[PDB]
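These notes concern the structure reproduced below.
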Amino acid sequence: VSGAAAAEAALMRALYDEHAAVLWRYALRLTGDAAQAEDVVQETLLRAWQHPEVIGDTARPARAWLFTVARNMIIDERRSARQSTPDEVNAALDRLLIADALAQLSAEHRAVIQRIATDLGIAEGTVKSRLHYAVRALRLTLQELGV
Amino acid sequence: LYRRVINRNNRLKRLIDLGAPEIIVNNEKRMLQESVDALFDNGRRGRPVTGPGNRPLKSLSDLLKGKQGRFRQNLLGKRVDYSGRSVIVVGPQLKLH
Amino acid sequence: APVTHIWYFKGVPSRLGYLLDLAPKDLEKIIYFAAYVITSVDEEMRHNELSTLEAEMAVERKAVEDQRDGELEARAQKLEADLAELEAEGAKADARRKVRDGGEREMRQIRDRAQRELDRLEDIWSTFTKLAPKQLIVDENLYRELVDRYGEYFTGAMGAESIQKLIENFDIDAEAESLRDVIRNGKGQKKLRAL
Amino acid sequence: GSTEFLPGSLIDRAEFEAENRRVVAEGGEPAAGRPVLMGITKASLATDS
DNA sequence: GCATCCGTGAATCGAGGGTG
DNA sequence: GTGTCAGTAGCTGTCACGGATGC
RNA sequence: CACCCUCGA
């Protein structure tokens with residue numbers, strides 16, 4: 001009947017009231033952190049509910065079984081679990097030159113370098129070349145200025 | 001803070017799926033509540049969430065309060081380029097301007 | 001599971017406590033799973049079944065009383081018989097006084113068991129009769145008894161999801177006009193709290 | 001009166017008169033007024049921004 | 001209807017050095 | 001997988017003030 | 001960068 005599915009609850013709530021507030025302190029001293037201890041306690045008691053082969057023999061210490069569960073979980077966590085952006089001066093000066101050696105170009109070399117042989121409707125050799133000569137013009141201009 | 005909240009939320013999903021006792025599910029929802037409360041304004045209710053060294057952790061609302069908050073520290077007064085500082089010395093020969 | 005924003009709960013004045021007219025401490029008990037709260041109650045079905053529920057509660061109380069009286073009778077008769085028997089043994093009257101006080105002690109314990117049970121039944125019936133939304137039930141055993149007995153008539157819940165439900169079953173405009181009615185004509189003492 | 005001003009609230013004496021100016025010309029009752037002294041700390045938090 | 005207790009707030013800029 | 005007692009540190013050595021909170 | 005210390009007008 002349903003009284004049994006309620007007996008499960010009334011069995012847990014009857015061990016909580018006697019052992020959770022004490023298990024908490026154990027994990028607290030071992031972690032110095034009441035938040036984790038709060039977590040570890042629920043983890044442990046869930047396992048307890050999941051392992052009824054321990055509480056059945058009421059006459060045997062359950063608390064003693066619980067302490068070891070927690071003590072193990074903490075160390076499981078203690079396994080191998082153990083700025084400012086530069087100033088854009090250079091890059092910007094570099095581009096300020098690159099942009100000054102872009103006006104020294106022809107609109108076709110420009111439209112090509114700003115990107116490919118599928119759009120501009122020309123060969124791949126025309127690409128390779130226009131790229132090639134355009135670069136060399138860029139290199140020439142830059143080194144003309146003394147880069 | 002976010003990580004603790006996520007841990008408790010995933011545990012809540014586990015408990016709901018596993019049909020854990022109502023006591024555990026409710027006592028876990030309470031902890032999720034407290035953890036989200038800490039995420040938004042740690043220390044507002046009860047004892048603050050202590051970090052390593054019994055140090056209260058900063059929350060999202062702590063990012064905006066007081067002199068170190070965003071408003072007073074990073075909005076009302078910024079730090080500026082093109083500036084310097086040095087010791088002052090009297091210059092009698094100088095003009096007022 | 002739904003959760004509450006601490007800014008509107010604990011920030012003074014408690015915004016939620018002002019919205020639902022719930023005390024901040026009562027709200028604290030609700031949110032952090034320290035007390036159940038009634039979300040809804042079918043008052044009409046309760047009105048249509050009140051007579052029958054009253055009769056059944058009365059019969060339960062009478063059963064407690066009858067069992068109590070029978071048990072007390074058994075103990076008192078064994079007391080008289082034991083005193084006569086220890087008198088036949090010739091024991092000194094001081095020993096009989098000891099046994100006498102022991103019997104009175106046991107009978108008092110029996111009557112007090114019965115009295116705690118009777119007062120539990122009284123409280124259960126009183127709470128179910130005067131049951132309204134936004135009520136708090138700090139005693140967990142009491143709420144379990146309420147669901148076990150009259151669960152078909154009301155609905156209750158705990159935590160933040162319960163307050164979510166309370167906000168859902170809330171008429172904003174109606175409460176606003178109620179507060180305005182209190183404002184137009186009221187005592188400063190009870191008018192500031194409404195303002 | 002006929003304003004939406006919540007009674008007991010502290011409102012700038014410009015918007016008060018400007019709202020009673022519309023309500024007086026609308027037919028409804030203008031909201032009542034009473035001068036109130038606020039501390040600088042309290043007045044600062046009451047700003048519209 | 002009133003004492004208690006909660007939460008808010010409390011000068012500005014600047015130097016070096018240590019650890020988590 | 002776990003199974004006899006098995007159980008915080010730290011700390012109050014700030015203060016004035018207003019108003020929601022609570023007896 | 002989180003805190004900490006010591007210091008300067």
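Residue numbering restarts at 1 for every chain of the structure tokens, chains are lettered A, B, ... in their displayed order, and ligands are numbered from 1 as they appear.
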
(request) With a distance cut-off of 12 Å and only C-alpha atoms (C1' of nucleotides), select the neighbouring residues of stretch 6-21 of chain B, excluding the residue or stretch itself and same-chain residues fewer than 5 positions from it, and output the selection as number ranges by chain. (result) A: 5-13, 16, 35-36, 38-40, 42-43, 45-50; B: 1, 26-36, 39; C: 1-3

(request) Could you please tell me, as an MDAnalysis selection string, which residues of chain A have an atom within 12 Å of chain F when using only C-alpha atoms (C1' of nucleotides)? (result) chainID A and resid 19:34 37 44 47:48 51 53:55 57 59:73

Output C-alpha atoms of each residue in that selection to a file, as a CSV table (one decimal), in the first residue's frame.
```csv
chain,number,residue,atom,x,y,z
A,19,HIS,CA,23.0,12.8,11.6
A,20,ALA,CA,23.0,15.6,9.0
A,21,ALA,CA,23.7,18.4,11.4
A,22,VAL,CA,26.7,16.4,12.7
A,23,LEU,CA,28.0,15.1,9.3
A,24,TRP,CA,28.1,18.8,8.2
A,25,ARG,CA,30.6,19.6,11.0
A,26,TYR,CA,32.9,16.7,9.9
A,27,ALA,CA,33.1,17.9,6.3
A,28,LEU,CA,33.4,21.5,7.6
A,29,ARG,CA,36.5,20.9,9.7
A,30,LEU,CA,38.0,18.9,6.8
A,31,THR,CA,37.2,21.5,4.2
A,32,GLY,CA,37.0,24.7,6.2
A,33,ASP,CA,34.2,25.6,3.8
A,34,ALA,CA,30.5,25.3,5.0
A,37,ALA,CA,30.2,20.7,3.5
A,44,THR,CA,26.4,11.4,1.2
A,47,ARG,CA,24.1,7.5,-1.3
A,48,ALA,CA,22.8,6.4,2.1
A,51,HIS,CA,22.4,2.0,0.1
A,53,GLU,CA,22.0,-2.4,3.4
A,54,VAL,CA,23.6,-0.1,6.1
A,55,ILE,CA,20.7,1.5,8.0
A,57,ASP,CA,20.6,-3.0,11.2
A,59,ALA,CA,21.6,-1.5,16.2
A,60,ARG,CA,24.8,-0.8,14.2
A,61,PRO,CA,26.5,2.6,13.9
A,62,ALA,CA,25.3,4.4,10.7
A,63,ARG,CA,27.1,7.7,11.6
A,64,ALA,CA,30.3,5.8,11.5
A,65,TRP,CA,29.6,4.5,8.0
A,66,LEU,CA,28.7,8.1,6.9
A,67,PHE,CA,31.8,9.8,8.0
A,68,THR,CA,34.0,7.6,5.8
A,69,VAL,CA,31.7,8.3,2.7
A,70,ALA,CA,32.2,12.0,3.1
A,71,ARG,CA,35.9,11.8,4.1
A,72,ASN,CA,36.5,9.9,0.8
A,73,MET,CA,34.5,12.3,-1.4
```

Contact check, chain B to chain G, at most 12 Å, counting only C-alpha atoms (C1' of nucleotides), closest pairs as a Markdown table:
```
| residue | atom | partner | partner_atom | distance |
| --- | --- | --- | --- | --- |
| B:51 | CA | G:2 | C1' | 11.5 |
| B:52 | CA | G:3 | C1' | 11.2 |
| B:53 | CA | G:3 | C1' | 10.5 |
| B:54 | CA | G:3 | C1' | 11.8 |
| B:55 | CA | G:3 | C1' | 8.9 |
| B:56 | CA | G:3 | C1' | 10.7 |
| B:57 | CA | G:2 | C1' | 9.8 |
| B:58 | CA | G:2 | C1' | 9.4 |
| B:86 | CA | G:9 | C1' | 11.9 |
| B:87 | CA | G:9 | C1' | 10.1 |
| B:88 | CA | G:9 | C1' | 10.7 |
```

Could the residues in this selection be written to a file with C-alpha atoms, as a PDB file, in the first residue's frame?
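Listing of out.pdb after writing:
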```pdb
ATOM      1  CA  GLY B  51      36.297  31.541   0.255  1.00  0.00           C
ATOM      2  CA  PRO B  52      39.811  30.341   1.094  1.00  0.00           C
ATOM      3  CA  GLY B  53      40.873  32.064   4.296  1.00  0.00           C
ATOM      4  CA  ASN B  54      37.395  32.897   5.640  1.00  0.00           C
ATOM      5  CA  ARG B  55      37.141  35.690   3.060  1.00  0.00           C
ATOM      6  CA  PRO B  56      33.624  36.628   1.863  1.00  0.00           C
ATOM      7  CA  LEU B  57      33.382  36.148  -1.888  1.00  0.00           C
ATOM      8  CA  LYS B  58      32.441  39.082  -4.096  1.00  0.00           C
ATOM      9  CA  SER B  86      55.772  64.972 -10.612  1.00  0.00           C
ATOM     10  CA  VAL B  87      57.091  66.901  -7.628  1.00  0.00           C
ATOM     11  CA  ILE B  88      56.373  70.636  -7.592  1.00  0.00           C
TER      12      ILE B  88
END
```

(message) If DSSP is run on the backbone, what residues of chain B are helix (DSSP H, G or I)? A reply as a ChimeraX atom specification would be ideal.
(response) /B:2-18,22-41,61-63,70-74

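Taking atom CA of residue D:6 as the reference point, atom CA of residue D:49 is found at 18.9 Å.
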
(request) For residue C:169, please output as number ranges by chain all residues within 9 Å (counting only C-alpha atoms (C1' of nucleotides); exclusion window: fewer than 3 positions along the same chain). (result) C: 39-40, 164-166

Write to file, as a CSV table (one decimal), in the first residue's frame, the residues of the selection just made, with C-alpha atoms.
```
chain,number,residue,atom,x,y,z
C,39,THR,CA,-1.8,28.1,-2.4
C,40,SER,CA,-5.5,27.3,-2.9
C,164,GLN,CA,5.4,31.7,-7.8
C,165,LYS,CA,2.0,30.1,-7.6
C,166,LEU,CA,0.9,32.8,-5.1
```

(request) Rank nothing, just name the residue among C:122, C:189, C:152, C:195 nearest to residue C:176, using only C-alpha atoms. (result)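 Closest to residue C:176 of all the choices is C:195.
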
(request) Find the distance between atom CA of residue C:170 and atom CA of residue C:185 and write it in Å to one decimal. (result)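 Rounded to one decimal, the two atoms are 24.2 Å apart.
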
Listing only residues of chain C within 9 Å of chain F, what is the closest atom pair and its distance in Å (to one decimal) for each, using only C-alpha atoms (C1' of nucleotides), sorted by chain and residue number ascending, as a Markdown table?
```
| residue | atom | partner | partner_atom | distance |
| --- | --- | --- | --- | --- |
| C:12 | CA | F:20 | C1' | 6.8 |
| C:13 | CA | F:20 | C1' | 6.0 |
| C:14 | CA | F:20 | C1' | 8.6 |
| C:23 | CA | F:21 | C1' | 8.7 |
| C:24 | CA | F:21 | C1' | 7.8 |
| C:25 | CA | F:21 | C1' | 8.7 |
```

(request) Do a neighbour search on residue D:17 at 10 Å with only C-alpha atoms (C1' of nucleotides), toss out local chain neighbours closer than 6 positions, and write the hits as a ChimeraX atom specification. (result) /D:23-24,30-33

(request) Could you tell me which of A:88, A:135, A:79, A:128 comes closest to residue A:104 if we count only C-alpha atoms? (result) A:135

Give me the residues near residue A:97 as a PDB file with C-alpha atoms, in the first residue's frame, where near means some atom within 12 Å (using only C-alpha atoms (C1' of nucleotides)) and where sequence neighbours in that chain fewer than 6 positions away do not count.
```pdb
ATOM      1  CA  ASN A  90      52.572  50.007 -33.633  1.00  0.00           C
ATOM      2  CA  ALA A  91      49.862  48.012 -35.448  1.00  0.00           C
ATOM      3  CA  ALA A 103      46.746  55.267 -52.671  1.00  0.00           C
ATOM      4  CA  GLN A 104      49.945  54.674 -54.677  1.00  0.00           C
ATOM      5  CA  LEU A 138      53.652  47.741 -52.169  1.00  0.00           C
ATOM      6  CA  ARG A 139      57.125  46.544 -51.144  1.00  0.00           C
ATOM      7  CA  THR A 141      56.606  51.969 -52.050  1.00  0.00           C
ATOM      8  CA  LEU A 142      57.172  50.946 -48.428  1.00  0.00           C
ATOM      9  CA  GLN A 143      60.944  50.625 -48.817  1.00  0.00           C
ATOM     10  CA  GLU A 144      60.837  53.910 -50.747  1.00  0.00           C
ATOM     11  CA  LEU A 145      59.568  55.510 -47.549  1.00  0.00           C
ATOM     12  CA  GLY A 146      62.269  53.646 -45.608  1.00  0.00           C
ATOM     13  CA  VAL A 147      60.444  50.791 -43.838  1.00  0.00           C
TER      14      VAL A 147
END
```

With 10 Å as the cut-off and only C-alpha atoms counted, what is the closest atom pair between each nearby residue of chain C and chain D? Distances in Å to one decimal, ordered by chain and number, as a Markdown table.
```
| residue | atom | partner | partner_atom | distance |
| --- | --- | --- | --- | --- |
| C:180 | CA | D:7 | CA | 9.1 |
| C:183 | CA | D:7 | CA | 8.1 |
| C:184 | CA | D:7 | CA | 9.1 |
| C:192 | CA | D:8 | CA | 8.6 |
| C:195 | CA | D:8 | CA | 7.0 |
```
